[PDB]
C-alpha cells in the first residue's frame, strides 16, 4: 500500500539559450503507485501536475503542503481512484515562474513540458505511451499551463483539469485598473524584484515582469528583456498595442475560436474556481471561459464551489474532484 516519490534531475534542452541564467537541467518528482514493484509488467496512465506562480513542485510534494505521496497512497488504498503515475515538474525560473510558455528570453518552457519532460518520464518509468492515457492539471499558473498545453497538444494529453487558472484573459486585476501596472512600468532594475514578494503589490509587479518575459520578450530592452503590454503617457496607463496583441494571442479565452477542432479532440476538460476567489481576473475569466466553450458546444465541466478562496480548498478539490476526473477519463488499459 506504500507508493514512492522519486526526485531526479533531468535534461531540459528546450531551455538552452535562455537569457536568464536558468539551467538546462531541471528537477522533477514522480509518484509511483504501491504495485509498481510487486507488479513488474503493469503499465500506468500518467498525470502531470503543474504548480503556480512563485511556487515549485514542493506545492505538491511537501508534507507541509499537499503531501501528494500520502494523498495518493490513501486514495488508491481506499479504492477511490485507480493507480496512476503522478509527475510534478518544476516550472520556476529567474522571474519566479515561466508560465509553461515558449519564449526567446525564458526558454522553450512549453516544449520542456510536452517534449523534454514527457519523453523523459516515458523512457524511464512504466507509463502507457498514448495520449488517451496522459492527463495534465495545474493550479493558478499551473492551470494556465495545463489548458494551453492541452489545447496545443491534444495528441499528447487527452484530459485537462484547471484549478482556478490564472491569465485566461484580460479582465479585472490584470488590466490597467490594477494600480500595480504603473509601478511596474517604472521599475529600474532586477534588484527591486529579486526578493520573494512581501505584499500583493510586489506579487503583481513580479508576475507582470514574468508574464512579459514569457509573452512579449525583448532581446534588447532593459533591465528585464521585456516589452510591457501597457505604457505610461502623461501619467496615465494605456495599451502598448504590439505587445498587447501578443498577450491576447497567448491567452486561452481568446484562443477557443482558433483551436476548436483540436479542443474537440480532448476526452475531458474541467475548470473550477472558488466563490471567494480573491483575484478578480480569475473569478471573471473562468466563467467567461466556460461560456466561450458552451457557445461553441464543446463538451466540458465547470464548477464554482461555495466558500473557496484561491487556495483554501485545493486539497478538497484534489480529493473529491480532480483525481476522480482522471480516473474516469484516462484509459487504464495497455494495448
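Residue numbers count along the first chain shown, from 1.
Asker: Tell me which stretch, 313 to 321 or 20 to 28, has the higher mean Cα B-factor listed in the entry.
Answerer: Higher mean C-alpha B-factor: 20 to 28.
Asker: Please work out which of 39 to 47 and 275 to 283 has the higher mean CA B-factor as recorded in the PDB entry.
Answerer: That would be 39 to 47.
Asker: Compare the CA B factors listed in the entry for 234, 155, 73, 83 and report the winner.
Answerer: The listed residue with the largest C-alpha B-factor is 234.
Asker: Which of these has the highest Cα B-factor in the record: 230, 144, 208, 114?
Answerer: Highest C-alpha B-factor among the listed options: 230.
Asker: Going by the CA temperature factor in the PDB record, which third of the chain does residue 99 belong to: lowest, middle or highest?
Answerer: Residue 99: CA B-factor falls in the lowest third of its chain.
Asker: Please place residue 65 in the lowest, middle or highest third of its chain according to the CA B-factor in the PDB entry.
Answerer: It falls in the top third of the chain.
Asker: Test of reading the entry: by CA B factor among the chain's modelled residues, which third contains residue 265?
Answerer: CA B-factor rank for residue 265: middle third.
Asker: Could you look up the Cα B-factor of residue 5 in the entry and say which third of the chain it sits in: lowest, middle or highest?
Answerer: For residue 5, the deposited C-alpha B-factor lands in the middle third.
Asker: Would you check the entry's CA temperature factor for residue 179 and let me know if it's in the chain's lowest, middle or highest third?
Answerer: Ranked within chain, residue 179 CA B lands in the highest tercile.
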